[PDB]
Amino acid sequence: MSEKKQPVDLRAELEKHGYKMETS
Amino acid sequence: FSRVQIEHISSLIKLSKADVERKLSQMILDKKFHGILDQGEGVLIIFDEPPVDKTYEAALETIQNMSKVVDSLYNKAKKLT
Amino acid sequence: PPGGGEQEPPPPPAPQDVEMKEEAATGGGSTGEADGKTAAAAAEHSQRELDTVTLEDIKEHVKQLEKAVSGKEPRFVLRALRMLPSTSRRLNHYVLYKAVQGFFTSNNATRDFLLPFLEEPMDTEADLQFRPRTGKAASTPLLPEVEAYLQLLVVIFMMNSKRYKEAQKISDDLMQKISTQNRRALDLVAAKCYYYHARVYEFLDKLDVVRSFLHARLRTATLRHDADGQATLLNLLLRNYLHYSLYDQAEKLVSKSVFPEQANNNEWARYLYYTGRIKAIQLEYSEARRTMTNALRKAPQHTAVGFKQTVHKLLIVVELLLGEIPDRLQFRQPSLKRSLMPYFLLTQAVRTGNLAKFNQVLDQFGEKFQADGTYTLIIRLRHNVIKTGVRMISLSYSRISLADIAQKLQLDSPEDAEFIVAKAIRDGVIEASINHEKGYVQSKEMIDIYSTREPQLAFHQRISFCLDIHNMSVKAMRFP
Amino acid sequence: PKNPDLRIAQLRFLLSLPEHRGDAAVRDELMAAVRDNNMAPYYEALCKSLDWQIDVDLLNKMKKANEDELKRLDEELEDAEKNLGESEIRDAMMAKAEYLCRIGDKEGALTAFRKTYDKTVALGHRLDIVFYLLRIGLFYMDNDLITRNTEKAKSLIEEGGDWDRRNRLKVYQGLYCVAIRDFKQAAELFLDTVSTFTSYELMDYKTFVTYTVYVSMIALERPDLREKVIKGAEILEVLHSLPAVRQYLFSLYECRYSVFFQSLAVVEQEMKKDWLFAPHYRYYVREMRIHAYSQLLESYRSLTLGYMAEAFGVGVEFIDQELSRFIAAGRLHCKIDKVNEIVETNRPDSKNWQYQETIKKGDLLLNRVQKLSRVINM
Amino acid sequence: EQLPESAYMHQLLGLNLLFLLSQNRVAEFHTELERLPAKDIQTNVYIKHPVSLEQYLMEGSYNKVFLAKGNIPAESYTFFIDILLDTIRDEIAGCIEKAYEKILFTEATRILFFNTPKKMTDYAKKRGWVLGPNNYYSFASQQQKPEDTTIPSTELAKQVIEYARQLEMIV
């Protein structure tokens, strides 16, 4: 300004989704 | 007829209920057939509320009116610096 | 040695010109602007003085020492003199001292000579017409000098400028009469050195003696010169009163008024950041999010530097307490980024419904929480995790058992499972219905309504009251 | 004059992101470094990849002999300008200095581009220049200079008409639209498919086939998807050669969900190892979730999850946590009921969202005018 | 500000703050600790109990609060937590319904706990709501079914009545 205030201071997923099949 | 049972409408089309449910739902996928079926009781119901027109007008105005105030950002922030 | 010795002459001529003609053209021009028109005010050299002061606040200021023409202090501070036709001879005496400074050493060092100098305008007796010219001729050396922070023997000289400003304050309580068209520029200049009151007093401890003195000045400007005076003095109040307890939350209630008109420009926006943290202490999140957003969105153009980034930092704090926040990593600047780096993972932990993710953020970033000053809401946000966590899973899951959801809701016993959703409807979260036996939470939704009435009916008064104000502006700006 | 250095840039992507390749990526980098006599490229590769051992006199005498090949051309320009033949002079120094700039960075490139800009009277050589900015913009992944050369070339090409090189530009702008996120313009501009055949600037044609078939499954409608792949006569064979993507195309239409994440695993594995696809896969995957689940729910308004669990293997309790956690993310929001065995789709959102754009856009709209209103005057 | 340090100088803020927030005041907590953060951060922190207690008020508790009613810092302040309990009990009945859906009986025995207290009769009357056998209902229905039909249409007319008056003010 310079006046006033300022000058003061489930993933993506790849692996897990493919694993859901062979899990159960 | 909007509301109809699936078994006797498959009797009018002379086809099995498996590919009647999947083809009709495929017609809903194409949006040309307005309605939906019901698998639990074997029902098919047609309903529609076509017009979006007012929302099209609204969106067309305001979405561009964003860039309008962006265009006014050039002039009205130029007098500052 | 020859290079550094011959590079001393080049720098001074630039302050010898612009720093000489800045208060000569603006201050001397404001003299003719203060003789007539009077319209009513304007006094466009007051805002031009703001441009010159903000220009000095970066480069080069004046002193310090710099060992370049320290005779600029006695130049404008002496030789009114005295009545206007006699002042014209002194207007030639500034050129006379330009030749005297162009011949001899030109008194490149003042230092302890400020004692007779600063008291020379009181030796003239007097200017006598323009107090802003006397206050500015003394302060313009001293006010940029506060940026040196030498803290030896010149701090009481800044206090002498504060006493000269107190003589400006007594004259701010008297004449008037009538339309002291120069007191708006006195509101401008004094607000500056009232913030220099803040800085110089903050060199040791709080200014509390000047809190009763500020209340003396803020109340004596009531109701006459409060315009543009009360706004800056209220920020002078609110800033350090936000640093030192107490009662300012209820004090600004009875203080308002508003206080209209908002001046100048970003002053009201930063005030809505100051009182924005205030109104955020009451925790009502619609008024807090609107006062925090309107604080940052209303502030052009910067630089400098990081406090305009600080209002954006604390802005979305109330949005974290709302329960829904976007990921702000795309809004990071080259500076604001490195400042908020802990606050990044904080709002990322607010988006997620995980408890350990948010608690680990608290334990690790607690040091940065001490730097910002916002603490108390970090522990209660766990209730925002249980409400957003249940908003998540309920709408998410078809029918969820109270034992399976008990992992993310961390208790979710067969009893409190009723209240989690029920008391969320009290807060307007989720409509999920639960028949409790084992049990299981079956979440459905049917709502078709609203999105209509209040938006369009308010837009009527919004647009109309707006264009009415734009009328009050354009219709009144046609004086030329 | 592209694919040799195009593979070098692909080797930069093979070195950069994955940290688990320490052998093949540096090997074929040196195999491509000993040819084309690159200098500045192997400096950036020297900081990123291994620092050797020793290069020094090897590539310094190669840059010395190439300097002799550089100084034979740069000392022929004053001997060639001794005679006069309009182009019979500067066309040699514009193309070979770009080959001398192919030795490094942007310098000879950009200085020859604006050099020859005032000479060539034909658009073919101007578009060849455009090809040089596009390859040098592809190596450094800089999208700033790839827009300007094409914007100036198309006006001369579309004045106008072309067959081959117009399809070439469609591949370029398709590679730029897929460099950033554009789903529709990539497949729409790649609709030419086999008409581009194979070119040195189009690199491997099979990779281009994978580029258009991977991007045509997102923003393209399901009837339009099968209209592209199945009804397309020329594209069907080149997508049939690779069963990986063809299996994903015909199974997506087959609606079977038991092969999806395995076929998507092969598709995503190809998505990870290809450049410029790294930022865009995170949305691409969850988009394929809501893509395949959009036709899952649309079958029936009220669906019995027992019928869903009939052939899944196994979807009894899996679709509960799977679809739910995808609903919580914001993908395919719906209200489903259990022990009543009702999956209710929904929610059309034909009331709130219909009128929401007014107040939504009007919020920031009237906000942005509130700024400019209350700022001035004072 | 400088005074000899007193033992109760710290907790007089926090224990009064305990009763302050645990009576469900979400504002006065922030402005009570808004003096300066430093004195609150150092040590002797009683702050964790009330805030989590309030999270257990909308949880609600009852259960975890009764377990927190066994462990209190406390200290020496009793009749504050007595009215604190009273303002908790009545505000649970105020924050429950309207509107909540159908639930069973023995979990409404879990609502007010005890075994079969007379407070469950006081609320089942006050709520109203419904008293069902072995169940409870929100009928009927959900509730009162706001339409709103043409009741807003009158003020809709009035809206542009004085707005066209503002249109004539331009004109």
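Criteria and cut-off values
Keep in mind that residues are numbered from 1 along each chain as the sequence reads, not by the entry's scheme, and that residues without coordinates are left out. Each chain takes a letter, starting from A, and each ligand takes a number, starting from 1, following the order in which they are written. Part of a larger assembly is what these chains represent; accordingly, every value refers to the shown part. Excluded from the side-chain calculation are hydrogens and water; included are all heavy atoms of the structure. Helix numbering and strand numbering both begin at the N terminus, where a helix is a DSSP run of H or I of at least 4 residues and a strand a DSSP run of E of at least 2. As a reference, a globule follows 2.2 Å times the number of residues to the power 0.38, and the radius of gyration itself is taken over C-alpha atoms. Burial here depends on accessible area, computed with a 1.4 Å probe over protein chains only, as a share of the maximum for the residue type. Under 20% is buried, over 50% is exposed, and the range in between is partly exposed. Each C-beta atom gives one direction from the helix axis, and the arc is the one those directions make. In this text, buried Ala, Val, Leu, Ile, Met, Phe, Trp, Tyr and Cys residues form a nonpolar core when linked through side-chain atoms within 4.5 Å. We call two residues contacting when some pair of their heavy atoms lies within 4.5 Å. Counted as salt bridges are all cases of a side-chain nitrogen of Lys or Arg within 4 Å of a carboxyl oxygen of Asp or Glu. Under this definition, polar contacts are N or O atom pairs within 3.5 Å; protein pairs additionally need one hydrogen-donor-capable and one acceptor-capable atom, and for neighbouring residues in sequence, both atoms have to be side-chain atoms. Any residue outside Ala, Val, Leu, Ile, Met, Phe, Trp, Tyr, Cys, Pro, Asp, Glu, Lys and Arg is labelled polar, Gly included; the first ten of those are nonpolar and the last four are charged. Two strands form a pair only when DSSP identifies at least two bridges running between them. Each patch is built from salt-bridge-free residues with over 30% relative accessible area, joining like charges within 9 Å and nonpolar side chains (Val, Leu, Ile, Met, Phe, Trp, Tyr) within 5 Å. All accessible-area figures derive from a Shrake-Rupley calculation using a 1.4 Å probe, and residue coverage is judged against the displayed protein chains alone. We count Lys and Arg on the positive side and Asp and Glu on the negative side, and we leave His and both chain ends out. In plain terms, the charge of a residue is placed at NZ if it is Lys, CZ if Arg, CG if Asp and CD if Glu. Any two rings among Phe, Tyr and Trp, with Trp reduced to its six-membered ring, count as a pair given centres within 6.5 Å; such a pair is stacked if its planes are under 30 degrees apart, edge-to-face if over 60, and tilted if neither. As a reminder, the over-ring test applies to NZ of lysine and CZ of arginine, requiring each to be within 6 Å of the ring centre and within 35 degrees of the ring normal. Note on terminology: pairs of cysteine sulfur atoms within 2.5 Å are recorded as disulfides. In this analysis an axis means a line fitted to C-alpha atoms, helices contributing only their contacting stretch, and an angle means the value between N-to-C directions, from 0 to 180 degrees. Crossing handedness follows the turn of the near helix against the far one: under a right angle anticlockwise gives a left-handed crossing, and clockwise gives a right-handed one. Take the residue count of a helix, subtract one, and multiply by 1.5 Å to get its expected span. In this scheme, the bend at a residue equals the angle between the axes fitted to the seven residues that finish there and the seven that begin there.

Per the deposited record, the coordinates in this entry were obtained by cryo-EM to a resolution of 7.0 Å.

## Digging into the overall build of chain B
The number of helices and strands found in chain B is three helices and three strands. When its helices and strands are written in sequence order, chain B yields β-α-α-β-β-α. Taken against the 2.2 N^0.38 rule, which gives 12 Å for 81 residues, the C-alpha radius of gyration of chain B at 24 Å runs more than 25% over that of a compact globule. The C-alpha extent of chain B, read off along each of the three principal axes, is 75 × 20 × 20 Å.

## Observations concerning helix α6 (residues 114-124) of chain C
Residues and elements named next belong to chain C. Listing the buried residues of α6 in full gives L114, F117, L118, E120 and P121. Projected onto a plane normal to the axis of α6, the buried residues spread over an arc of 130 degrees and lie on a single side. In α6, those exposed residues whose orientation departs by more than 90 degrees from the buried face are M122 and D123. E125 lies just past α6 and shows a positive phi near 55 degrees.

## Regarding the nonpolar core
Among the nonpolar cores identified, the biggest contains 60 residues, and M217(D), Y284(D), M288(D) and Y293(D) are the most heavily contacted of them. Per-element tally for this core: the top contributor is helix α17 (residues 281-297) of chain D, with eight residues. Once residues lying within four places of it in the same chain are set aside, the contact partners of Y293(D) are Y257(D), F261(D), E322(D), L323(D), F326(D) and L332(D). Core analysis: the next-biggest nonpolar cluster, separate from the first, contains 53 residues, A280(C), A288(C), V318(C) and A349(C) among them.

## Quick look at the interface of chain E and chain C
Interfaces are often described in size by the accessible area the parts lose on coming together. Across the contact, 45 residues belong to chain E and 47 residues belong to chain C. The closest approach of N and O atoms between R110(E) and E415(C), which form a salt bridge, is 3.4 Å. There are 15 residue pairs in polar contact connecting chain E and chain C. If you list the elements that add at least two residues to the side of chain E that touches chain C, you get α2 (28-32), α3 (37-41), α4 (48-55), α5 (63-70), α6 (79-96), β1 (103-104), α7 (106-112) and α9 (151-168) of chain E. Classifying every residue of the side of chain E that touches chain C gives 24 nonpolar, 10 polar and 11 charged.

## Concerning the arrangement of the chains
Among the six pairs of chains that make contact, the interface with the largest number of contacts is formed by chains C and E. Where chain B comes nearest to chain E, the C-alpha atoms are still 20 Å apart, and the two do not contact one another. For chain D and chain E, which are not in contact, the least C-alpha distance works out to 15 Å.

## With respect to the sheet that holds strand β2 (residues 36-38) of chain B
Residues and elements named next belong to chain B. Taken in spatial order, the three strands of this open sheet run β1-β3-β2, and their pairing is antiparallel. Strands at the two margins of the open sheet, each flanked by one partner only, are β1 (4-5) and β2. Sheet topology note: the β2/strand β3 (residues 43-45) ladder contains three bridges and is antiparallel. Note that in β3 the partner of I36 across the bridge is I45.

## With respect to the pattern of salt bridges
Under the defined criterion, the tally for this structure stands at 37 salt bridges over all chains. Of the charged contacts in the structure, one is a salt bridge between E298(D) and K31(B), with a shortest N-O distance of 4.0 Å. Of this pair, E298(D) sits in the loop between α17 and β1 (302-303) while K31(B) sits in the loop between α2 (17-29) and β2, on two different chains. By relative accessible area, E298(D) is classed as partly exposed at 25%. The salt bridge partner of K154(D) is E158(D), with a shortest N-O separation of 3.0 Å. For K154(D), a relative accessible area of 28% translates into the label partly exposed.

## So, the interface of chain A and chain C
Across the contact, eight residues belong to chain A and 22 residues belong to chain C. The tally of links from chain A across to chain C stands at one salt bridge. Across the pair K192(C) and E3(A) runs a salt bridge, and its minimum N-O distance is 3.5 Å. On inspection of chain A and its partner chain C, the count reaches five residue pairs in polar contact. A class-by-class count of the residues in the side of chain A that touches chain C yields two nonpolar, two polar and four charged.

## Observations regarding a positive patch on the surface
Together, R11(A), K357(C), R181(D) and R282(D) make up a positively charged patch on the protein surface. Along the chain, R11(A) falls in the segment before α1 (15-23).

## Here we look at the side chain of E267(C)
Along the chain, the position of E267(C) falls in helix α13 (residues 266-281). Although buried, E267(C) forms no salt bridge, and the nearest oppositely charged side chain, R270(C), lies 5.0 Å from it.

## Some details on the side chain of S70(C)
Relative to the elements of secondary structure, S70(C) occurs in the loop between α3 (44-56) and α4 (72-77). Residues contacting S70(C), with those up to four places away along its chain left out, are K63(C), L65(C), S106(C), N107(C), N108(C), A109(C) and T110(C).

## Points about the packing of aromatic side chains
Here the structure, examined in full by the defined rule, presents 28 aromatic pairs over all chains. On the numbers, 6.1 Å between centres and 70 degrees between planes, the contact of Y300(D) with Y307(D) is edge-to-face. Owing to a relative accessible area of 2%, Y300(D) belongs among the buried residues under this scheme. Pairwise contacts between aromatic rings join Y248(D), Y257(D), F260(D), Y293(D), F312(D) and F326(D) into one cluster. Lying across the ring of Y241(C), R211(C) places its NZ or CZ 4.6 Å from the centre. Sitting above the plane of the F419(C) ring, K423(C) keeps its charged end 4.5 Å from the centroid.

## Comments concerning unusual backbone geometry
Residue and element names in this part refer to chain C. The step from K59 to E60 runs through a cis peptide bond, and the omega angle for that step is -5 degrees. Inspection of the secondary structure assignment puts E60 in the loop between α3 and α4. At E125, a position not held by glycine, the phi torsion is positive, near 55 degrees. When its relative accessible area of 63% is taken as the criterion, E125 is described as exposed. For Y149, which is not a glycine, the phi torsion comes out positive at approximately 60 degrees. Turning to its location among the elements, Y149 is positioned in the loop between α7 (131-142) and α8 (155-171). Taking the relative accessible area as the measure of exposure, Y149 reaches 45% and is therefore partly exposed.

## Things to note about a negative patch on the surface
Negative charge collects at one region of the surface, where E67(D), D74(D), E75(D), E76(D), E78(D), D79(D) and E81(D) lie side by side. Every element with two or more residues in the negative patch is listed here: α4 (57-74) and α5 (77-80) of chain D.

## Quick look at the state of the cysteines
Residues and elements named next belong to chain D. Evaluated as defined, the whole model comprises zero disulfides over all chains. This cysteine, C101, is not joined by any disulfide, and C47 carries the nearest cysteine sulfur, 19 Å off. Looking at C255, it has no disulfide partner, and the nearest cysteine sulfur is the one in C334, 17 Å off. Looking at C255, the relative accessible area reads 28%, which means it is partly exposed.

## Re the environment of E270(D)
Of note, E270(D) is situated in helix α16 (residues 260-272). In this structure the C-alpha to C-alpha distance between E270(D) and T210(D), which are 60 residues apart in sequence, comes to 9.2 Å.

## Details of the environment of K351(D)
Take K351(D): it is sitting in the loop between β3 (342-344) and α20 (352-375). Ignoring sequence-local partners within four residues, the contact set of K351(D) consists of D448(C), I449(C), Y450(C) and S451(C).

## Section: the packing of α1(A) against α16(D)
Between α1(A) and α16(D), whose axes approach to 8 Å, the crossing angle comes to 145 degrees. Of the two elements, α1(A) crosses α16(D), and the hand of that crossing is left-handed. Only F260(D), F261(D) and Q262(D) of α16(D) make contact with α1(A), whose side of the interface consists of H17(A), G18(A), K20(A), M21(A) and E22(A). Among the residues making up the contact of α1(A) with α16(D), the classes are represented as three nonpolar, three polar and two charged.

## Remarks on α20(D)
For α20(D), spanning 24 residues, the distance from its first C-alpha to its last is 34 Å, which sits close to the expected 34 Å at 1.5 Å a residue. Along α20(D), the sharpest kink reaches roughly 30 degrees, centred on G362(D). Structurally, α20(D) contributes buried residues whose contacts are with α3 (53-76) of chain B together with α14 (285-297) and α21 (453-474) of chain C.

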